């Protein structure tokens, strides 16, 4: 979890291609910054070249160092300068003939510096972090020279350098094009993504440069980056006009004078000649950052005045507890805290943004570009009686997986609630058709949640969190039963009206058990006509992360099916790997007539909902009249955007190559939550119960402690939303068990405050 400081501007230097002048621009910006009239000791420019090849014959760091020495003289303005190279492949080092020592990963730490100090003068610090000998792509030179550096090490090195030095301006010069591979192979635009630093883009003033520059620009935006400015060397083709036009003048486009082809040339007079451009560029960088900071510092307060947040008692919320979310990268938020030193820090989205969340960083980027493409290709196109690829693919994918062996029809809606409202309309038709029909009631389990619109509320049990002053029209339209629950406690699974293991709970033989008889009777009793059964299989989510007894639900399903009462599975929470399977029919060992999915359906990127039905449920609306039809429809039904996004997610989550958590038989995820730490936490004194399965870790505390924990977890870079006395951790389908292990660890420590 990084801690990026924003007190001082730090920009990446991007280019459309290699050898367009990134280093010339860095040098120009550096000189413009350090060589101003009133020379302050406080002024410092940090220049970083994380990746270098063609070294030592090619050194951008030595170049910046060298030219600033020269310009200093020229301008008769003294400055301290230093140039260091931190690591190097063995080959490269022998070029400096250093007979150094070699790391496990073939990398060497170099004792290499050039300094020329003036005390009290402004300061240039150039650093090259890692350098290879071969003047080739970093991914290739790493191979050839057996010197490797993993992506996180590179980000750590950079973070170290930044904090080590935090007036101040920091430039980070990339290597090659925007989408050139770094050492490990990862494209540079992706490698640096976790920081999401602002940037500038050195373009191409040569014939063909307009396209080059726009493509590069677009690859950056598509990664979520911001670009303060564009700059390129003039080649007499008036390239800036098209670019400014394309940019709609929303980003300055600066044009350097033509650069000397004569290779002997100093470039000193050229720098002098380009002062105006580098000046503008520096100004643009410095301002953009202030402005970004200014906005950041005002967002919490503004939100407080302007937003009306859902499920939020505003009176109780103050600017200090509003969270400023600058961006996301996989499971991590980038949170801004001004009361800090005005910095960005990571936080694990442990609540999975209301249980929508899934994508790792890699998948987030894939989806971004599939979304862009679907936007450009389809926008929103009219659904009724039309067909279009992403809707159709998505439908096929739903039926070939989640709806396999039962569902034959797919009904699109916008969210969970709308899919439920539609499910209810399907069950009641089916039911009245089979019983030639009055007042139709639903049967459900107390604690189940099914959406917040009025239809969806009626299927929810009459609690204080659902009645008069929340919905005047709610009239408890159901028969509600109390489910048995299942929970881990003191290292052992239990039922509350001992299981050998969690798997035994799910075992289907419990049908022969005494509780199966007991259930059958209790239900048979109760079971104004009951026209539909609706459940949250396995977990009551909003109800406080309770695990219901699978046995209890299967029985109930069977009891209702025996009475020609349609069965609804509300898998808006459980669907698509939340609980370690693609559908809980895998866990309950039984099929519904109707089922609803959303949240993870779209991979946490955008709203889309779906309601799958049997051919027979489908058949109860077949008639000659448009009046028999199911006349429910939202204008954005099956919007290409969600559909495409869902088709990508359904495949990606399910695929052993894209999701390393997928089992050998590919129907389940590997266990993600460390067994030991699970057992421990389960046996702590504060903890009343634990429920753990798939991507979900929930505990209920014995309120007093709850508020404490939340804060301490946050302090630890873990963002999660309390649910009464229930505290939870919810990862994505693709989250590594190594990250879960770190979570449970932090959580267990914090309980330690409760011995």
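Numbering follows the first chain given and starts at 1.
Deposited sequence between residue 707 and residue 708: no residues lack coordinates (chain continuous). Per the record, residue 474 and residue 475 are directly connected, as no deposited residue between them is missing from the model.
The mean C-alpha temperature factor is higher for 528-536 when 400-408 and 528-536 are set side by side. Averaged over Cα atoms, the B-factor as recorded in the entry is higher for 147-155 than for the other of 147-155 and 390-398. Residue-level inspection of the entry shows that, of 588, 256, 439, 565, 439 has the top Cα B-factor.
As recorded in the PDB entry, 433 shows the highest C-alpha B-factor of the residues 433, 214, 191, 581. Annotation for residue 97: C-alpha temperature factor in the highest third relative to the rest of the modelled chain, per the entry. Residue 60: CA B factor lies in the lowest third for its chain, per the PDB record.
Ranked by C-alpha B-factor against the other modelled residues of its chain, residue 714 falls in the highest third. Compared with the other modelled residues of the chain, the Cα B-factor recorded for residue 701 ranks in the highest third.
Remark: residue 26 belongs to the lowest third of its chain, ranked by C-alpha B-factor as recorded.
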